[PDB]
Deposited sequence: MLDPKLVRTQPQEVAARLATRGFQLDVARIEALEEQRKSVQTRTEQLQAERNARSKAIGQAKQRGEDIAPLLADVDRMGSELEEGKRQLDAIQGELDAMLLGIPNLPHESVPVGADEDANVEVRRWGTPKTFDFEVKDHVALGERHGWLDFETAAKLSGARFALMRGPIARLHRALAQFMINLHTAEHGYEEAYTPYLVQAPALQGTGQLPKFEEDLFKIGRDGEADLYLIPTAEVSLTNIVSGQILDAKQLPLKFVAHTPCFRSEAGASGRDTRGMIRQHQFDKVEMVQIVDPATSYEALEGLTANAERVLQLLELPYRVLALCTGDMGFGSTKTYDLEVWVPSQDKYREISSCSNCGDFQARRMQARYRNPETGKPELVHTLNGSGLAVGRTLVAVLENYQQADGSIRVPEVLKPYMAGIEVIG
């Protein structure tokens, strides 16, 4: 949600900034709803003044021995219309609230203005993509050799976009997630959390997936119970820890990390790049609004540190205005080198949401200067999507015989295995 006062008073300036994202704010409907509210409000003030005067005139008419029936009838009608004016004002505000829940976040002024992914800029890259002495195999070919990466059995169980891992490939995937959580908790100041993987609709509205992106979620319909949704990311469960709260400024920043499965039914056919279920180690920050853009740089560096320690070549992209997620003011995407594709592929998105999610969940902090509750800023970033990191490890660490060399940092988690297959 954007500042409702800003949307109502400056629709044209808000529309100009949203236009950089290719989003067309319905200024005509906002102005028409505002004109309707003003018209009804002026009528209710005129009515309130009229009714109060007629009610007091009854007392005076009684003192004169006069007929109070014309005054009682005016009071009754005026009161009835005032009740309608209230239902009208609530229905107008209700329509405006529903509209304001469908508006994307305002991009920060430091975001390059662009209409598509071609206006995204490379910020930096680290590491050199290996030049192999043989014909590179993709993760599917590498993993299928001994049945340790199995899409056929997964399809037998669950249909398309699922995977089964076994033996050393299952162990490597677990080693990756453990490595990620251990790193963020030990060196990056994150507090570990285990969360529910099923949430009700208010949590999803809090982070922005609802009301607009319901179709991308798996929903569990329940008889005379609130519906449950499978989390698309731990961002939903973690960010909502602080919903409806007034935090002490001394508690900021609140830094959370969770390793969870992530479920998406969103409308890369071969492999585990795009899945209905995938593990992701998620980093979430609840911060002082004054520090959030600096916090984003640190968040992006925490995700980068995983790729650097795994010696995986990667690139950092600054997303342009036309290529950002709904709730983001600024995003950095990390893309890892994928030998079989001869290109970098997305492995993380690190975003500053500003006060947009905090407004939807009423996540506040008490400002030390004013002593008043103010909205916190929120940030989230993948550190990292675990299945995609597995794809990157298998392909970058492949040897001539189809075996996989175990990354140095993963050897303590691999029970003596240094070479897979």
{"property": "Missing segments of the deposited chain sequence, listed N- to C-terminal", "result": "268-272"}
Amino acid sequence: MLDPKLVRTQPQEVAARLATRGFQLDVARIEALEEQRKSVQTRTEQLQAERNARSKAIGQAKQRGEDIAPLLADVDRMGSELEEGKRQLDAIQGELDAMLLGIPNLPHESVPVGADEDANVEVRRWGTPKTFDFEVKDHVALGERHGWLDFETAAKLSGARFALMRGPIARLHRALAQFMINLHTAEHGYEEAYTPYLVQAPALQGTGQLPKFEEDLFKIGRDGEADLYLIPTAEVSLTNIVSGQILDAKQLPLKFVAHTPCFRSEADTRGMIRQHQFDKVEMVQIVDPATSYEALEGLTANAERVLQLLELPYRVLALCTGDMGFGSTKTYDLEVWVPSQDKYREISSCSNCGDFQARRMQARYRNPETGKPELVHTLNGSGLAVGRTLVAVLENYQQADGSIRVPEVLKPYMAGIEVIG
From here on, numbers count along this sequence of modelled residues.
item	value
Residue range whose averaged C-alpha B-factor is higher in the record, 37-45 or 351-359	37-45
Given 180-188 and 134-142, the range whose Cα B-factors average higher in the PDB entry	134-142
Most elevated Cα B-factor in the entry, residues 225, 216, 297, 282	225
Highest recorded Cα temperature factor - choice among 262, 193, 113, 92	113
Lowest, middle or highest third - CA B-factor, residue 100	middle
Position of residue 246 among the chain's modelled residues by C-alpha B-factor, lowest, middle or highest third	highest
Residue 382 - which third its CA temperature factor falls in, relative to the rest of the chain	lowest
CA B-factor placement of residue 269, once the chain's modelled residues are sorted into thirds	highest
Ranked C-alpha temperature factor of residue 208 among modelled chain residues, by third	lowest
